[PDB]
Structure formats: C-alpha cells, structure tokens
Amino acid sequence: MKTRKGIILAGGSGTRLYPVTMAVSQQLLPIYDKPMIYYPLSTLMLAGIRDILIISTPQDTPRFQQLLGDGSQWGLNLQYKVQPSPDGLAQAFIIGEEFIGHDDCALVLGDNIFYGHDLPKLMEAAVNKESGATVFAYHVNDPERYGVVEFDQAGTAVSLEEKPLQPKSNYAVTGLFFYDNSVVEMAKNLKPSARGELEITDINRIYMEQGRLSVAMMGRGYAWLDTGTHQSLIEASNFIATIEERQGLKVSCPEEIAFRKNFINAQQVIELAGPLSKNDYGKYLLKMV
C-alpha cells in the first residue's frame, strides 16, 4: 500500500529557543514568510499524503488548529490530537494509533525543513514500500547532535546510533520518517531511555535489525535547514527568502502544492486568496492562478 497517512509531531515547549518560543510555539514561528509547520506539512503533501494528524502540546494544539483547520481548504484532511507531555517521537504513534489503524504511516517533525530538487522522487520509494521503514540520512558537521547511521565499506546502512559520542559517520537521521502499520506496536512496546523518552531511534533500529530499514541518502544538493537555535532560525529564513525572492516562487507553500497536485482547483485558490488581498501571500496565490 502507498503511505497515505502522516503525522506531524509539532509538540515540545521549545525551552531551547526561549524567550522566543516562550511567547509562540516553535512550529508556529515564521520561517521568512510562513509558519514553520508549513514546511514539513508541505513535505507530506509532496509525498501525496493528505490524511494527516497534527499532534501538538495541549497549549498549542488549539493554536495550530486555528491556523490550519481540517485542512479542507487545501484538499487535506487534518485532524488534531494532544500530547500531554513531550515523551519522545515514537509516542506520536501511540498518540495516534486510532488514526493510523492498519495503514502505513509517515512521520515528520514540525521543525523539519527541507529544500531541494527531486523531493517527491526522494520520498517515492519510501511512500511505496510495502513493509519496512525508510529514514533519510543527511551529511552534517555535527553528527553527535542527531541519530547517526553507520556505513560499512560496501555502502548500504548497517547500524544506527542515537547521538553517539563518536559518530561512525557524518550522516544524520533527518526528521522525515516512513513506517508501515507495525510501528504502532513497536512504539507501544518501546521503553523510555535515559532522558526518559520513547526514542524513534529505537524504533528505527528495530526495522534495521530485521533488514527492513531503507536509508534514503540526501546529497549536499538538498538542504535540511536547522532550526535548533535563534541563529539557525534566521539563517533558515534568509535561505528560504534568498531562494523565493530570486525565483518569484515560494517554497513549501501549501496552497500552491495543494493546487499543483490537484487537491484543490483554481476556484478554490481564489476563494482562499480573496480575503487575503492585502498581504503578498494572497497576491501570490492569486497570481499563481
């Protein structure tokens, strides 16, 4: 089956970004011209995923809802589920078991920002994988900061270590994940780690250990914009701004993606743009049609 459901893990308090996030949820902070959640949500839309569950902290969930709704406007089917406390990625599958049912499900952090060429192609194998899982590896300067995927001499992936003190490779596990229906049970049988969290790395290690973990390599031609500090945040906004302004196009603009992927027709775009004739975002949607 084609992975047609996804979950956006937009929780966390964002203590890392205080006092900024103290006022507004990180996934809501604007990345140049749109709230962060738009980027990873766009990534799901690029994979053909319409049925998406957005999980946010009890405080922010109503906020996101205010911004996206049932996503009906963009041919999407948005649903919301609250996560009482940030206890690890893997819990997203528990927090949304009922949502997944017996279908394959992709997962993506709400602060996972991607930019690059064949993004859909890149996710194609992951979206069409019958059983198993797919994670995406990216070359970073600070491997220890992420889950590192080790590589032998042949090439394929042979292991996965979460924030190792001595990374076996410079490739990190990005915030985009794809699992089959079996992730739910894994998550439910998973035990917390030292930092008391249900580590997605444990779930990935389980797939790999069964020879069912595909690691999609992401070359230096793709950009995985970090959003862990105030610095990276502006560098991310400028990056995206640099690209959009030069292109006259937007990156990760859900309305457009919805429109170009035929989730909504031209009339639908106008109805959405109509009220927003002020800001440039509206004029952009209008011009796009």
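Residue numbers here begin at 1 and follow the sequence given.
Relative to one another, 28 to 36 and 259 to 267 have unequal mean CA B-factors, and 259 to 267 is the one with the higher figure.
On average the C-alpha atoms of 144 to 152 have higher B-factors than those of the other stretch, with 144 to 152 and 171 to 179 being the two compared.
In the PDB entry, the Cα temperature factor peaks, among 129, 117, 81, 139, at 81. Reading the B-factor column for the CA atoms of 91, 134, 112, 166 in the entry, the top value corresponds to 166.
Among the modelled residues of the chain, residue 70 sits in the middle third by CA temperature factor in this PDB entry. Among the modelled residues of its chain, residue 231 has a C-alpha B-factor that falls in the middle third, as given in the PDB entry. Sorting the modelled residues of the chain by their CA temperature factor places residue 51 in the middle third. When the modelled residues of the chain are ordered by their C-alpha B factor, residue 10 lands in the lowest third.
Ranked by Cα temperature factor within the chain, residue 219 sits in the lowest third according to the deposited record.
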